Number of protein chains: 2
Amino acid sequence: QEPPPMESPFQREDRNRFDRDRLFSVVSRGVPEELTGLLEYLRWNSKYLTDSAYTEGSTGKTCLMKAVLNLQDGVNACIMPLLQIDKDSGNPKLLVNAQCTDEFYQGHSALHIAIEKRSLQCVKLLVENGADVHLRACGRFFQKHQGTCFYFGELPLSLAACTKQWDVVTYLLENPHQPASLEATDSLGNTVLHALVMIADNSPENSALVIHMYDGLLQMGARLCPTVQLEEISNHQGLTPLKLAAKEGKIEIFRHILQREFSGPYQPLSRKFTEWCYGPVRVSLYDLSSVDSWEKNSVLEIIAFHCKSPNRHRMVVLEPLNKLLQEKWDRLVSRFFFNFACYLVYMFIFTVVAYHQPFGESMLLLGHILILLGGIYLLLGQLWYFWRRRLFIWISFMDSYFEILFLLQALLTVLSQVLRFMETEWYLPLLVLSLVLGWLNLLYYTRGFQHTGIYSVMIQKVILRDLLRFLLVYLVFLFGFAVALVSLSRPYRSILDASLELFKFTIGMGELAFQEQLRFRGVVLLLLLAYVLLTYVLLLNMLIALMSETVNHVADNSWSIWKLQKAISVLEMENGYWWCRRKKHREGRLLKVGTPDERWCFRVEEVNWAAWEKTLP
Amino acid sequence: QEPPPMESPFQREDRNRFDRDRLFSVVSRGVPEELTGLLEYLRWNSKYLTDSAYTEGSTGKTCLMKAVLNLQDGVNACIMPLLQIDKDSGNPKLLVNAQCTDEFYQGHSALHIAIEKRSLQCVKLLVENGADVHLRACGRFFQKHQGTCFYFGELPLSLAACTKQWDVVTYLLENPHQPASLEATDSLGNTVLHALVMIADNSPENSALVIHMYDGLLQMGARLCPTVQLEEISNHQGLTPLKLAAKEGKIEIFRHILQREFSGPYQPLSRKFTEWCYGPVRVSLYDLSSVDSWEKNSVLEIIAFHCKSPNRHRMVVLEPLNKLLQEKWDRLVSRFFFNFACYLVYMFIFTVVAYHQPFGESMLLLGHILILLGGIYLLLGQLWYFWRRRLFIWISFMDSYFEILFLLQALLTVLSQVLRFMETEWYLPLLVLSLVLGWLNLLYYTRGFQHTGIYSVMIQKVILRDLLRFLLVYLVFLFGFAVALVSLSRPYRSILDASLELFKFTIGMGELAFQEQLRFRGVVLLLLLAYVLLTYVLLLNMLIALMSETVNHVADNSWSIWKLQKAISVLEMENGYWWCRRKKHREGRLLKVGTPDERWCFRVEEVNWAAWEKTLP
């Protein structure tokens, strides 16, 4: 059963000497003179305007939403006599503080709909007669999910912020009749700034509008409550608006919240400090509070193992993240090469062991013990990895795959080794399969070099999205045709003993044996020609699918995702090995910039000829 | 350890009755009235303002850079009392002539930073009280390298030129208190015009700005010192700004310095002279001083065997270079065909020798001696080539490759011939390999024809950039799979005795022999199917890599690089054979154009309907 509308000129109301529909008609018309006589009736039968009779059936909406949803040029004259009458009624459950009691509109205020109708005088009239701005609206429609809903943080002030209402925000934020506290929050736990970073998008102009609303609100907060700082207040998720806007991966609002500058007044409420400019070069101290890797939950670790959004790589390229990333990589490239050397010597010992085994006995025993210990060490490394990042396979199936190959290579080689300790055979297929998956596994380390990295990040995503599709559309029809030909032939002794020569005939080297002894030479031939034409058809469909991506690809994204994949290396690399915990090198410099304020900053030296020339007349 | 900033509002200073920090604070505020009493203290303890106490720690920067880096609307009132006080101090090491003694800012002046702050009154105040404009600043930051640096030629005047400061250039160039000589130079050896051609780029508008600054400076030089000519002054590299801008290959500034015209006054300071115009056709005498091939270091030889920049071919197409190139090619096409005939008859004799050898003895001896002498002559030709152009393989690996094929063909055929004189065999593989590399080597001569040239320049670059990548990603995994299958099979007697049928199976003609005797039929089959899928994957990655270039290619560049490759033929062809030195034909005509001036000019007849119509109203 669908939820009813909160208002209609056609769908009146359900039910789930004046009357209720009489009151609804007289408030919907806006005439204020048929309201007379109602007060004496209300005193006569001892009833309230929020009581169960005159209210709505399922939504429970009282008459004031009907009042404010009929505002002729934003004006209704009916609200004030209703407020005066209900004040004369003497009601504990205040009509001004009415909330919609439906599940779909839980706690919805008259004030919210007054904000949505954008009549500043009606909002002023509600707040001057005893409203409350701390009435959240926690219906599931008001939350964020897929479909027809609208999330804005459930607060009247936040709803005022989402709809450009500068004047209304000012008339709410400091009126002495009910102060609208800026650091109030929602039922989800988010603040108003978290609501602004939630409602954003990736378009150039909506983002700019949210930015203008955001820094207007931040200057207003700096003027109102300078003792508290709105930037670091964390939600029920424990996130700053920086961290939350990172987690939902909105590119432009992250860019503005990272780098920004306010001169003169509002100067300590910024995260960029210019040190010296000299022609085209410019050195400015960027802030790095709560973004350095030293802290427990940085923006780096959030953008590494929490975000699910394909703009993530364009998160990374912008300063000051990439400079700090390169500094960490300059610190860690030697230990990365040490891990390279460890893996290479383990691999060469494994390849030597895989040749001569089934003074030679001494080195063979050496290789046996060394591969056993290397497998156990690599397996414990993979176990501590998956203990740490538990949900990452449901974050990035298509980026955790080298970790999967590490894990399966280690477990399969130790399974082969314990099968060697067993008497039973089939240890050689497991050993050679472990060698093959390891030999293909020597491609994560190509992450280290830019020369193979730029050339190598382009393949894996586009191949894994469609090669699996091509293989699993083809295997089913190959099975069906093999069943068909083993039915008709009844070589072709078995189904797989047909599918083998069919697959090798697709390659073309491996011949398939037609039979001229049976009468059905032409039926077999025609069936095989049908196979040929359909295989060519699905092959051409794969080709067209790839020629989509060969024109849709943009080469800047390759550089972007290569730097991102270096980041996904360097966070794990910085965390260090499981068998030796790592002292975390504190980044940035502690420095006096404000007042008795003190921040960690970080210098970069950016040069841009284009902007510097554009300065030059 | 990172070098410190030269200025900060936060990072005060290291150290590596007034005080030093007191002086720094009072000059940074700009207040001029707490400066009193300092002179008596300076006379009391007998100290100078550039002495080791009041200076900076490592940078050594004195107080005047702190003064000029705090210029309120370009104005500071603190400079004059400091200059008066230091004049009263009686200091040999003059504060006005202070230089930063750091390595990173070696010899940096106060005047340079005054120029960068663009306050003409402060620069005037420094120069009127005893500055020096011949104080170069030769820090490594001030030179040109990769990273965060800024090169402008290290001179105050050159730094004034790089930042559009017309008024400041005029106030420096002729003030009678210290003349700024225009023909001064840097520590690298470059002039101001060399700095302007160094700082340029390929964009349309930055180049135009540098052009306007350049010819403004050149007219100013023509007015100031007409006895000297700024155009031909060579640096420590021995280059004109023409030659230097060629060597760094900046396309637009080369175009303007080549063709330019000034009417009325400043007429002899130009390189284009219009002879007669007639409708759409126009004949104008271009200058060719220091660009003809007769001189020792022309722009042609520089653009042939010194430039490392992929805009080089667009250097070539523009007039008057291409007309002079075509005239030289019209002079040399007959001797080019003579070399063609020599190589063809040598090849046909070689192919005849390669058939019947291991009256017939007479012609066989004839062919033996003739191939020996042809190989020795070609080898000495290649030796004199690599004696001449020593660094060209580190200039163009991807354009010297035909010369490499010439060299290897000659040395391999003479190695085969001396192996024939030896008793020992394997001379026939060397002979047939020399024949094959020669037969593929008959493609440089396709340079001569436009019909095969336009069709043939498109292949070599795009194929050599990625075919090597495809081959060397494939060989390693082929080796790994061969090791895998010789491990599992233990045919497959050897690793190469598996890789051969794997490679021929990739072609598909050459069968590979699976084995049904061993139990691991399915493991071998599954491993081979894994090989098939990965080989198809890397093949598709190659295909997508080539479909990048099939849309990125622009057909004008083919014509451009074909004319460039004709140029790289014709310079070497004009130099002549090693065994007969060549008289260099003087180009151009000696002619009277100026006053008692006399230049070599060169006529072209250019027609352009579009510009001629655009003239027509």
# chains A, B, ... in the order shown; residues from 1 in each chain; ligands from 1
$ interface_residues --of "chain A" --to "chain B" --cutoff "7 Å" --atoms "only C-alpha atoms" --output "PDB file with N, CA, C and O atoms, in the first residue's frame"
ATOM      1  N   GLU A 275      53.216  31.493   1.791  1.00  0.00           N
ATOM      2  CA  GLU A 275      54.489  31.857   2.404  1.00  0.00           C
ATOM      3  C   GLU A 275      55.220  32.918   1.592  1.00  0.00           C
ATOM      4  O   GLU A 275      55.475  34.019   2.089  1.00  0.00           O
ATOM      5  N   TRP A 276      55.562  32.603   0.345  1.00  0.00           N
ATOM      6  CA  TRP A 276      56.135  33.606  -0.540  1.00  0.00           C
ATOM      7  C   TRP A 276      55.851  33.227  -1.980  1.00  0.00           C
ATOM      8  O   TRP A 276      55.908  32.052  -2.347  1.00  0.00           O
ATOM      9  N   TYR A 278      56.969  34.172  -6.039  1.00  0.00           N
ATOM     10  CA  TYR A 278      58.081  34.731  -6.798  1.00  0.00           C
ATOM     11  C   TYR A 278      57.861  34.345  -8.254  1.00  0.00           C
ATOM     12  O   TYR A 278      58.176  33.219  -8.649  1.00  0.00           O
ATOM     13  N   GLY A 279      57.327  35.280  -9.033  1.00  0.00           N
ATOM     14  CA  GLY A 279      57.048  35.057 -10.428  1.00  0.00           C
ATOM     15  C   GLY A 279      56.095  33.904 -10.626  1.00  0.00           C
ATOM     16  O   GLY A 279      55.065  33.794  -9.959  1.00  0.00           O
ATOM     17  N   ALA A 354      61.437 -26.584  -8.659  1.00  0.00           N
ATOM     18  CA  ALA A 354      60.476 -27.170  -9.590  1.00  0.00           C
ATOM     19  C   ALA A 354      61.112 -27.854 -10.787  1.00  0.00           C
ATOM     20  O   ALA A 354      60.370 -28.171 -11.712  1.00  0.00           O
ATOM     21  N   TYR A 355      62.414 -28.113 -10.863  1.00  0.00           N
ATOM     22  CA  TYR A 355      63.002 -28.730 -12.039  1.00  0.00           C
ATOM     23  C   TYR A 355      63.542 -30.125 -11.753  1.00  0.00           C
ATOM     24  O   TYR A 355      63.110 -31.099 -12.372  1.00  0.00           O
ATOM     25  N   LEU A 428      52.487 -32.570  -7.766  1.00  0.00           N
ATOM     26  CA  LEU A 428      53.098 -31.875  -8.896  1.00  0.00           C
ATOM     27  C   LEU A 428      52.156 -30.952  -9.667  1.00  0.00           C
ATOM     28  O   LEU A 428      52.621 -29.867 -10.061  1.00  0.00           O
ATOM     29  N   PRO A 429      50.886 -31.304  -9.966  1.00  0.00           N
ATOM     30  CA  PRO A 429      49.991 -30.280 -10.533  1.00  0.00           C
ATOM     31  C   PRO A 429      49.788 -29.070  -9.642  1.00  0.00           C
ATOM     32  O   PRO A 429      49.739 -27.944 -10.148  1.00  0.00           O
ATOM     33  N   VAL A 432      53.076 -26.982  -9.879  1.00  0.00           N
ATOM     34  CA  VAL A 432      53.248 -26.274 -11.138  1.00  0.00           C
ATOM     35  C   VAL A 432      52.179 -25.198 -11.307  1.00  0.00           C
ATOM     36  O   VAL A 432      52.448 -24.133 -11.879  1.00  0.00           O
ATOM     37  N   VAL A 436      52.841 -21.215 -11.806  1.00  0.00           N
ATOM     38  CA  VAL A 436      52.269 -20.432 -12.897  1.00  0.00           C
ATOM     39  C   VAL A 436      51.547 -19.202 -12.360  1.00  0.00           C
ATOM     40  O   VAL A 436      51.723 -18.086 -12.872  1.00  0.00           O
ATOM     41  N   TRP A 439      54.069 -16.770 -11.321  1.00  0.00           N
ATOM     42  CA  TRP A 439      54.757 -16.119 -12.428  1.00  0.00           C
ATOM     43  C   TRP A 439      53.887 -15.043 -13.043  1.00  0.00           C
ATOM     44  O   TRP A 439      54.386 -13.993 -13.462  1.00  0.00           O
ATOM     45  N   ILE A 459      44.956  -2.225 -18.784  1.00  0.00           N
ATOM     46  CA  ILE A 459      44.489  -3.487 -19.351  1.00  0.00           C
ATOM     47  C   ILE A 459      43.457  -4.170 -18.457  1.00  0.00           C
ATOM     48  O   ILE A 459      42.449  -4.692 -18.955  1.00  0.00           O
ATOM     49  N   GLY A 508      41.833 -23.588 -34.211  1.00  0.00           N
ATOM     50  CA  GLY A 508      42.098 -24.004 -35.569  1.00  0.00           C
ATOM     51  C   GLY A 508      43.238 -24.982 -35.731  1.00  0.00           C
ATOM     52  O   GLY A 508      43.286 -25.685 -36.751  1.00  0.00           O
ATOM     53  N   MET A 509      44.161 -25.049 -34.769  1.00  0.00           N
ATOM     54  CA  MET A 509      45.218 -26.050 -34.837  1.00  0.00           C
ATOM     55  C   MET A 509      44.668 -27.452 -34.642  1.00  0.00           C
ATOM     56  O   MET A 509      44.947 -28.352 -35.439  1.00  0.00           O
ATOM     57  N   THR A 550      37.767   1.771 -26.621  1.00  0.00           N
ATOM     58  CA  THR A 550      38.950   2.375 -27.234  1.00  0.00           C
ATOM     59  C   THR A 550      38.741   3.836 -27.629  1.00  0.00           C
ATOM     60  O   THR A 550      39.728   4.527 -27.903  1.00  0.00           O
ATOM     61  N   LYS A 592      53.589  28.061  14.340  1.00  0.00           N
ATOM     62  CA  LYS A 592      52.681  29.091  14.819  1.00  0.00           C
ATOM     63  C   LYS A 592      52.155  29.887  13.633  1.00  0.00           C
ATOM     64  O   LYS A 592      52.936  30.503  12.903  1.00  0.00           O
ATOM     65  N   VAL A 593      50.839  29.875  13.436  1.00  0.00           N
ATOM     66  CA  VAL A 593      50.263  30.601  12.313  1.00  0.00           C
ATOM     67  C   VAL A 593      49.134  31.498  12.801  1.00  0.00           C
ATOM     68  O   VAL A 593      48.785  32.487  12.149  1.00  0.00           O
ATOM     69  N   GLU A 605      55.895  23.728  -3.378  1.00  0.00           N
ATOM     70  CA  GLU A 605      56.427  24.728  -4.297  1.00  0.00           C
ATOM     71  C   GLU A 605      55.768  24.491  -5.646  1.00  0.00           C
ATOM     72  O   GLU A 605      56.286  23.743  -6.476  1.00  0.00           O
ATOM     73  N   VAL A 607      54.431  25.614  -9.374  1.00  0.00           N
ATOM     74  CA  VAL A 607      54.695  26.552 -10.455  1.00  0.00           C
ATOM     75  C   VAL A 607      53.612  26.379 -11.513  1.00  0.00           C
ATOM     76  O   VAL A 607      53.169  25.258 -11.788  1.00  0.00           O
TER      77      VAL A 607
END
$ residues_around --residues "residue 248 of chain A" --least-positions-apart "3" --cutoff "9 Å" --atoms "only C-alpha atoms" --output "MDAnalysis selection string"
chainID A and resid 197:198 243:245 307:309
$ residues_around --residues "residue 64 of chain B" --least-positions-apart "2" --cutoff "9 Å" --atoms "only C-alpha atoms" --output "list in words"
residues 27, 61, 62, 66, 67, 68, 69, 79, 82, 95, 96, 98 and 110 of chain B
$ write_last_selection --atoms "N, CA and C atoms" --output "PDB file, in the first residue's frame"
ATOM      1  N   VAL B  27      61.616  46.317  10.635  1.00  0.00           N
ATOM      2  CA  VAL B  27      61.587  46.545   9.199  1.00  0.00           C
ATOM      3  C   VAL B  27      60.382  45.830   8.598  1.00  0.00           C
ATOM      4  N   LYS B  61      70.748  36.526   3.976  1.00  0.00           N
ATOM      5  CA  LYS B  61      70.016  37.664   3.448  1.00  0.00           C
ATOM      6  C   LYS B  61      69.984  38.803   4.455  1.00  0.00           C
ATOM      7  N   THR B  62      70.326  39.997   3.993  1.00  0.00           N
ATOM      8  CA  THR B  62      70.305  41.174   4.838  1.00  0.00           C
ATOM      9  C   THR B  62      68.903  41.754   4.895  1.00  0.00           C
ATOM     10  N   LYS B  66      64.020  41.917   3.485  1.00  0.00           N
ATOM     11  CA  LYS B  66      62.863  41.992   4.367  1.00  0.00           C
ATOM     12  C   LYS B  66      62.119  43.301   4.166  1.00  0.00           C
ATOM     13  N   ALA B  67      62.856  44.374   3.871  1.00  0.00           N
ATOM     14  CA  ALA B  67      62.230  45.659   3.583  1.00  0.00           C
ATOM     15  C   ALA B  67      61.399  45.590   2.316  1.00  0.00           C
ATOM     16  N   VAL B  68      62.003  45.123   1.225  1.00  0.00           N
ATOM     17  CA  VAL B  68      61.317  45.141  -0.059  1.00  0.00           C
ATOM     18  C   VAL B  68      60.295  44.028  -0.190  1.00  0.00           C
ATOM     19  N   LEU B  69      60.328  43.029   0.679  1.00  0.00           N
ATOM     20  CA  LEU B  69      59.263  42.043   0.692  1.00  0.00           C
ATOM     21  C   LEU B  69      58.111  42.450   1.588  1.00  0.00           C
ATOM     22  N   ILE B  79      63.369  51.969   4.050  1.00  0.00           N
ATOM     23  CA  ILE B  79      64.590  51.695   3.296  1.00  0.00           C
ATOM     24  C   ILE B  79      65.567  52.856   3.402  1.00  0.00           C
ATOM     25  N   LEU B  82      67.618  53.203   6.696  1.00  0.00           N
ATOM     26  CA  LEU B  82      68.645  52.166   6.716  1.00  0.00           C
ATOM     27  C   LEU B  82      69.799  52.502   5.789  1.00  0.00           C
ATOM     28  N   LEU B  95      76.025  47.722   1.707  1.00  0.00           N
ATOM     29  CA  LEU B  95      74.709  47.141   1.938  1.00  0.00           C
ATOM     30  C   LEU B  95      73.847  47.200   0.690  1.00  0.00           C
ATOM     31  N   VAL B  96      74.020  48.244  -0.119  1.00  0.00           N
ATOM     32  CA  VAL B  96      73.268  48.368  -1.359  1.00  0.00           C
ATOM     33  C   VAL B  96      73.662  47.263  -2.328  1.00  0.00           C
ATOM     34  N   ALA B  98      74.506  44.195  -1.530  1.00  0.00           N
ATOM     35  CA  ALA B  98      74.477  42.930  -0.817  1.00  0.00           C
ATOM     36  C   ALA B  98      74.047  41.793  -1.734  1.00  0.00           C
ATOM     37  N   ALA B 110      69.206  42.454  -3.719  1.00  0.00           N
ATOM     38  CA  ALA B 110      67.992  43.146  -3.308  1.00  0.00           C
ATOM     39  C   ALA B 110      67.261  43.708  -4.511  1.00  0.00           C
TER      40      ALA B 110
END
$ residues_around --residues "residue 265 of chain A" --least-positions-apart "3" --cutoff "10 Å" --atoms "only C-alpha atoms" --output "NGL selection string"
:A and (219 or 222 or 262 or 268-269)
$ residues_around --residues "residue 20 of chain B" --least-positions-apart "3" --cutoff "9 Å" --atoms "only C-alpha atoms" --output "PDB file with C-alpha atoms, in the first residue's frame"
ATOM      1  CA  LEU B  23      65.561  45.011  13.565  1.00  0.00           C
ATOM      2  CA  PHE B  24      63.708  42.356  11.579  1.00  0.00           C
ATOM      3  CA  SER B  25      60.424  43.138  13.332  1.00  0.00           C
ATOM      4  CA  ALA B  53      75.591  38.996  13.419  1.00  0.00           C
ATOM      5  CA  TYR B  54      72.599  40.848  11.975  1.00  0.00           C
ATOM      6  CA  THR B  55      72.557  38.771   8.788  1.00  0.00           C
TER       7      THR B  55
END
$ residues_around --residues "residue 606 of chain A" --least-positions-apart "3" --cutoff "8 Å" --atoms "only C-alpha atoms" --output "PyMOL selection string"
(chain A and resi 281-283) or (chain B and resi 148)
$ atom_distance --atom1 "atom CA of residue 305 of chain A" --atom2 "atom CA of residue 391 of chain A"
8.3 Å
$ atom_distance --atom1 "atom CA of residue 157 of chain B" --atom2 "atom CA of residue 169 of chain B"
6.8 Å
$ closest_residue --among "B:571, B:63, B:77, B:580" --to "residue 99 of chain B" --atoms "only C-alpha atoms"
B:63
$ residues_around --residues "residue 353 of chain B" --least-positions-apart "6" --cutoff "10 Å" --atoms "only C-alpha atoms" --output "list in words"
residues 347, 363, 364, 365, 366, 367, 368, 370, 371 and 431 of chain B
$ write_last_selection --atoms "C-alpha atoms" --output "PDB file, in the first residue's frame"
ATOM      1  CA  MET B 347      73.137  -5.919 -53.976  1.00  0.00           C
ATOM      2  CA  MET B 363      82.835 -14.708 -62.183  1.00  0.00           C
ATOM      3  CA  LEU B 364      82.716 -16.329 -58.741  1.00  0.00           C
ATOM      4  CA  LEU B 365      86.172 -14.934 -57.941  1.00  0.00           C
ATOM      5  CA  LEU B 366      84.946 -11.611 -59.363  1.00  0.00           C
ATOM      6  CA  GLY B 367      81.977 -11.632 -57.004  1.00  0.00           C
ATOM      7  CA  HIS B 368      84.125 -12.666 -54.028  1.00  0.00           C
ATOM      8  CA  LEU B 370      83.822  -7.299 -55.363  1.00  0.00           C
ATOM      9  CA  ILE B 371      81.751  -8.064 -52.252  1.00  0.00           C
ATOM     10  CA  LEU B 431      76.135 -14.393 -45.242  1.00  0.00           C
TER      11      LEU B 431
END
$ closest_residue --among "A:388, A:566, A:124, A:420" --to "residue 176 of chain A" --atoms "only C-alpha atoms"
A:124
$ select_by_dssp --residues "segment 11-63 of chain A" --states "alpha helix (DSSP H)" --output "PyMOL selection string"
chain A and resi 20-29+38-45+63
$ closest_residue --among "B:232, B:594, B:168, B:132" --to "residue 181 of chain B" --atoms "only C-alpha atoms"
B:132
$ closest_residue --among "A:359, A:280, A:242, A:74" --to "residue 615 of chain A" --atoms "only C-alpha atoms"
A:280
$ atom_distance --atom1 "atom CA of residue 345 of chain A" --atom2 "atom CA of residue 467 of chain B"
29.7 Å
